[PDB]
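Below is one structure, written out as structure tokens; the observations come after it.
Numbers and lists here come from the model and the stated rules, or from a named source; nothing here is a laboratory result. When we count neighbours, we look across all protein chains shown, and the Cβ atoms used for this are built from the backbone with ideal geometry, even at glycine.
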Amino acid sequence: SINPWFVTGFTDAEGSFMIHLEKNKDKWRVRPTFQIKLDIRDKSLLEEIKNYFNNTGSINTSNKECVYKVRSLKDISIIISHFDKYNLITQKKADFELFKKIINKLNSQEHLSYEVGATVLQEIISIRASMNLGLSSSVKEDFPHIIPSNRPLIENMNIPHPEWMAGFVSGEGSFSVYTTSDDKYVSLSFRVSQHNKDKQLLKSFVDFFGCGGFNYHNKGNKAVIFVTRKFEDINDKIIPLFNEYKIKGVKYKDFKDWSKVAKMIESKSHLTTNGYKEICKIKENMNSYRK
DNA sequence: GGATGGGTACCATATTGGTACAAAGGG
DNA sequence: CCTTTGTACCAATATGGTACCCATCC
Ligand SMILES: [Ca+2]
Ligand SMILES: [Ca+2]
């Protein structure tokens, strides 16, 4: 069964803690939701997660994407137990803390709809304001004088367990095989990207794997990547590491194919014509080219 | 009446992930 | 000379997010 730190690592990568407000004829409803949305080829892994959470919530599917949503207050309590015991470490931790606060207010009040004059409602709107994309312009018109709450700082966070990294990479990792345009040479890369708001966390990856380096992703500097390329490191640190703490979902297959190329390179087979042919074949069917 | 659940449409960008080469750097 | 590595480039979409509407429950 799926390890709990894997579930957390995967949520730091792809999950969401949201509170939304809707008007319902002179009353506002507070709608909490926890959400994971993936491309449809990973429905299977969503099923394993939903399962981990006592089959709370529901999956929905639309030809290209699939979505796990947990929206009822009963169901949400068990989600919150998990993340209290196995804490997030990305900036997503802060949206989770704010989320948790609102949930507690709703439980204290035993209900989800409020008349504009409610004090609890204003406290909630104040907190909602510092979450995710903040207030809508519609709500902003109806509550002009609300001061957003303090967004908690998330600093100096350590990777709590290797299984977190397996979850996280199952979410944001990428395994590549580079061929030269001249078609002579082959190399590998393992990359993880993130928004610049988590540059600190990503720089500590160099320490975790004990190799690789850290770059900006584009001229904007609004995103950064962790990268390993050096083949000694890939073959001695990165691959053994993930043979033990296994990645999951379709990305597992890309990791298997990547591993296969890596063995051919170990044995020098990448400098043979057939070896290069086999590697090109493997490459043409991995990642976004996968059947 | 009113409240909640849940399916599904819709929005925006942080990833998703492909390419490329010059400068190491070895024997 | 020859092959690996660090770094760069960047288009677009798989993600992270939000809204609306109604059937059914109290
Ligand atoms: Ca993410
Ligand atoms: Ca992903």
Looking for something outside any strand (DSSP E or B) and in contact with a helix residue (DSSP H, G or I) (Cβ under 6 Å, 6 or more places away or on another chain) - is there at least one such residue anywhere in the range A:216-230? yes
All-but-one check, A:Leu201 against (1) more than 10 Å from DNA strand C (Cβ to nearest atom); (2) surrounded by fewer than 18 Cβ atoms within 10 Å (Cβ to Cβ), failing number (2)
Counting only residues that are in contact (Cβ under 8 Å) with a residue 40 or more places away in the chain and of a type in the set (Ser, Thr, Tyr), the range A:126-135 contains a total of 0
Within the range A:126-185, residues in the same structural domain as A:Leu45 (by CATH), in a loop (DSSP other than H, G, I, E, B) and in contact with a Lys or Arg (Cβ under 6 Å, 6 or more places away or on another chain) come out as A:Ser130
Scanning the range A:127-151 residue by residue, those of a type in the set (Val, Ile, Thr) and farther than 17 Å from A:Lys27 by Cα turn out to be A:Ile127, A:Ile146, A:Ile147
Screening A:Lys291, A:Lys246, A:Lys263 for residues that are assigned to a helix (DSSP H, G or I), among the basic types (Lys, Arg) and surrounded by fewer than 18 Cβ atoms within 10 Å (Cβ to Cβ) leaves only A:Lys263
